[PDB]
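We name chains A, B, ... by the order of the sequence lines, and we start the count at 1 in each one.
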There are 4 protein chains.
Amino acid sequence: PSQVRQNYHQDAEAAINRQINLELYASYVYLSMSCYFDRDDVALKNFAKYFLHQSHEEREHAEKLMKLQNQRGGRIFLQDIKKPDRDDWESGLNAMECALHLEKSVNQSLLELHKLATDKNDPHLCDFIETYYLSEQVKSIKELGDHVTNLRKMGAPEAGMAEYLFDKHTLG
Amino acid sequence: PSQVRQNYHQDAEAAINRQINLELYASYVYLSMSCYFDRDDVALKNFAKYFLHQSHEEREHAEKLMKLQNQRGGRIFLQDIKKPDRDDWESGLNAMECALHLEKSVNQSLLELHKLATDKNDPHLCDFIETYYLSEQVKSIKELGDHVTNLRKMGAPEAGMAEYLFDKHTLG
Amino acid sequence: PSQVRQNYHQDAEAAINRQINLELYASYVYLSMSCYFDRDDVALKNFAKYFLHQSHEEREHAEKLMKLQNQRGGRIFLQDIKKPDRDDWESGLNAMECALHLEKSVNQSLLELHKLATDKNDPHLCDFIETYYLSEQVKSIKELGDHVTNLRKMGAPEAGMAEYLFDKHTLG
Amino acid sequence: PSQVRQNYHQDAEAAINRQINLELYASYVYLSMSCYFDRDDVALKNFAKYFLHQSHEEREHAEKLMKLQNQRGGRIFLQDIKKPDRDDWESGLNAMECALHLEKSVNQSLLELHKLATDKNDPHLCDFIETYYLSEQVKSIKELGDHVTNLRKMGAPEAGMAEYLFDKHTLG
Ligand SMILES: [Fe+3]
Ligand SMILES: [Zn+2]
Ligand SMILES: [Zn+2]
Ligand SMILES: [Zn+2]
Ligand SMILES: [Zn+2]
């Protein structure tokens with residue numbers, strides 16, 4: 001038992017390691033999206049910048065969880081970061097929809113984590129998740145949903161100027 | 001009789017209280033519109049900001065009338081603020097048209113107020129309405145009419161990019 | 001179902017709309033108080049400023065709840081804002097006592113909201129209420145109780161100089 | 001007929017000269033009050049400063065009317081400035097009450113002036129009175145009424161500390 005460990009159940013430790021892997025996976029998905037918008041046959045620089053920023057933020061989310069694990073006396077166990085589900089994201093709209101789907105999955109994992117921490121009466125972990133993760137995810141889900149709504153309304157992907165003007169105004 | 005009261009007829013007092021209720025109602029209508037444009041399936045941030053600003057301005061219009069009432073020795077009598085006529089405003093264009101209709105109704109109430117004050121030979125009240133209310137309403141009616149013209153001309157609500165580009169250029 | 005909605009029960013949505021109506025009502029009560037202290041036969045400018053500030057803060061509390069509702073994929077349903085229970089608040093002390101009573105009622109509604117959100121396992125909503133509403137209400141209840149204690153101790157409303165000197169020192 | 005005179009009836013000219021005399025009289029009343037509060041057996045410096053400021057403002061009101069008369073091609077005819085009704089004003093409260101009475105009389109003369117100008121279809125004169133005189137008088141009446149309310153509530157003149165603390169806080 002670690003000298004610092006107190007009120008930190010092994011199941012919470014395991015769940016945090018699973019959450020760290022999920023955050024790194026999301027970063028890598030966002031990186032793939034960012035790479036796709038940089039292709040010469042896609043050529044949407046603002047979409048590329050948006051998703052690269054999202055990748056870096058998710059890397060920060062993972063590192064903050066690692067700090068939490070070490071702070072509570074648990075031991076980080078890293079696992080393979082699986083490749084994203086596709087290399088061709090097909091459009092700005094499609095990419096935003098997939099990012100929405102991803103963000104809601106991460107949100108769902110965090111809610112399961114919070115329920116475990118509440119079941120284990122770990123108040124510190126609950127408040128950590130509440131303060132640094134759940135509100136951020138709610139904001140990001142709302143942002144992505146707004147992006148999808150606007151793109152769909154503009155006629156994306158079929159209306160040729162829709163992704164181009166969205167890239168300039170909203171993401172520029 | 002209030003120690004300050006002079007040349008201030010009870011009918012004018014009643015009309016001012018009615019005007020205060022109308023100004024608060026308009027604020028609450030604008031608030032509902034603002035809430036509608038913030039929905040994830042509408043997602044027009046500049047329309048939301050515009051109508052929230054309008055709500056705050058109408059709240060200021062009401063409070064200025066309350067100050068007038070107290071200044072003249074009349075007594076403020078507040079009434080229920082009725083809910084707006086709808087929660088779904090259906091489009092930017094529709095919202096602007098309804099706001100135009102509302103602004104002209106408020107204008108019509110103020111003109112009736114000015115006619116009453118002229119009939120009662122209350123010069124101070126007439127000049128107050130003229131200086132702080134009628135010109136503002138004329139400017140706001142003209143602004144909203146211009147907004148409606150531009151949106152209709154752009155093809156709103158059916159042309160998908162019309163509300164989006166109006167939100168960025170005119171209201172941004 | 002809204003594209004952003006996740007772990008947000010319809011009962012919580014309804015309770016938030018009820019909370020929005022309660023916050024707007026409180027703003028309107030504070031506005032009426034503010035109007036009363038501005039009367040020429042009351043003439044307590046600092047009491048008027050205090051309650052007007054309180055009205056604006058409660059309007060901000062309502063708008064923050066509206067933002068929450070839209071963020072979680074729920075739909076705002078506005079209701080009539082009922083008029084305050086009286087137009088004559090009779091004294092500074094009486095007004096402070098009524099404001100204390102109001103603040104504790106709002107607090108009681110928020111605690112019921114938090115209990116519902118805990119029953120529904122909605123951690124985000126619980127933390128939102130905890131972070132932005134409950135502590136503010138505790139501070140405001142304590143402030144108002146202190147104001148009442150000081151006014152009662154000074155001999156208000158019967159001691160003529162008590163409300164006057166409280167208006168200058170504490171609220172000035 | 002003056003080369004500049006246009007739409008300026010002789011009755012309006014006479015009424016303006018009467019108004020100029022009334023404004024100078026009010027200045028001289030305020031001066032007498034100011035002198036009274038400077039007496040060694042009264043010794044209320046802030047009451048003295050208040051009424052001296054009021055005297056200077058009324059002198060400015062008279063001079064603005066003189067400018068109006070010359071601007072419209074009328075001829076100023078000055079009359080004796082009658083002495084104030086008393087040299088002993090007996091208290092701060094009594095002085096404020098008399099000032100309220102004076103301000104309302106001046107207000108009543110201005111409303112009669114506005115009615116004459118409206119009967120004579122002199123829009124410029126009406127707007128001049130409305131813009132520079134009626135609103136100022138409404139503000140001053142409300143201020144004096146508030147002062148009287150506060151002094152009466154504090155127990156003035158019988159409560160010894162009431163005029164002293166009002167002089168420091170409100171008029172200081
Ligand atoms: Fe003191
Ligand atoms: Zn994350
Ligand atoms: Zn208005
Ligand atoms: Zn509140
Ligand atoms: Zn004057």
Side chain, backbone, both or neither of D/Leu100 within contact of chain B (heavy atoms, under 4.5 Å): side chain
D/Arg59 atom CZ, neighbour heavy-atom count above 12 within 6.0 Å: no
Give, for atom CG of B/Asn70 and atom CG of D/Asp146, the distance between the pair rounded to the nearest 0.5 Å. 9.0 Å
B/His169 atom NE2, neighbour heavy-atom count above 12 within 6.0 Å: yes
So how far is it from D/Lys142 NZ to B/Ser2 OG, rounded to the nearest 0.5 Å? 8.5 Å
Max heavy-atom pair count under 4.5 Å with chain B, selected residue of D/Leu111, D/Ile141, D/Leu134, D/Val138: D/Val138
Which atoms form the tightest heavy-atom contact between D/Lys104 and B/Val4, and what is the distance? NZ-C, 4.1 Å
Could you tell me which portion of D/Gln108 (side chain, backbone, both or neither) has an atom closer than 4.5 angstrom to a non-hydrogen atom of chain B? both
For B/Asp85, look at atom CG and say whether over 12 heavy atoms of other residues, nucleotides or ligands are found less than 6.0 Å away. yes
B/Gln6 and D/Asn107 have their tightest heavy-atom pair at OE1-ND2, 3.0 Å
Neighbour count >12 (heavy atoms, 6.0 Å) for atom NZ, B/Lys168: yes
For the pair D/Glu130 (side chain) and B/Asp127 (backbone), establish whether a donor and an acceptor sit closer than 3.5 Å, ignoring hydrogens and angles. no
Sub-4.5 Å side-chain heavy-atom contact between B/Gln3 and D/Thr149: yes
